[PDB]
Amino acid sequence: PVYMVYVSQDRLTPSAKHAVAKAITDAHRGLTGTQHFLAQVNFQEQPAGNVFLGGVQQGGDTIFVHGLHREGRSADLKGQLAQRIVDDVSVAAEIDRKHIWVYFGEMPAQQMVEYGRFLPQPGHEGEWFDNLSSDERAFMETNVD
C-alpha cells in the first residue's frame, strides 16, 4: 500500500512521524499479512491554516490518511484496518480521534507497482517475493523496522 498522510508542518517531530508511520505499518501488516517493506507511509506537510472544515480554517491538529490498496479485501477487514489506524495514530501522534480522517481507495493489483515491479493479488506476496532477484529481495528487506 501507499498511505499518504496529510499534516501540518511541525505538528509531528521526526520521532512522532516515525511513531505514526510505524503504527500505520504495523496495523496494515498485522491485519493483511502483507510484508512490512511493501508499505509506504508518505508524509505530506503543509503550513497550518491550509485545512478547512465546513469552511472554517483549522489549527495544526488535523490528520488525513489516504490509503491506497490493491482490490480484493473484504469490507469487514478494511473497516477493522481503518479503525485500528484511527486508534493507533491517535496514540502515536497524541491527537484526539475526532481530528483523524481516513479514506481507503482500491485499485487492481495489475496497475500498481512497488520497487519497479508489479504487485500480486493479496495473499500471494510470499511467492511473488520469492520469484524476484536476490538484489531486489535484499533491497526490500532492509526496509523493515
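Just count from 1 along the sequence shown to find any residue number.
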Compare the mean C-alpha B-factor of 25-33 with that of 42-50 as given in the PDB entry, and name the stretch with the higher value.
25-33
Going by the B-factors listed in the PDB entry, is the mean over the C-alpha atoms higher for 8-16 or for 119-127?
119-127
Identity of residue with top Cα B-factor, from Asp96, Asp76, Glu106, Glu114
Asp96
Classify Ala92 as lowest, middle or highest third according to the C-alpha B-factor given in the PDB entry, relative to its own chain.
highest
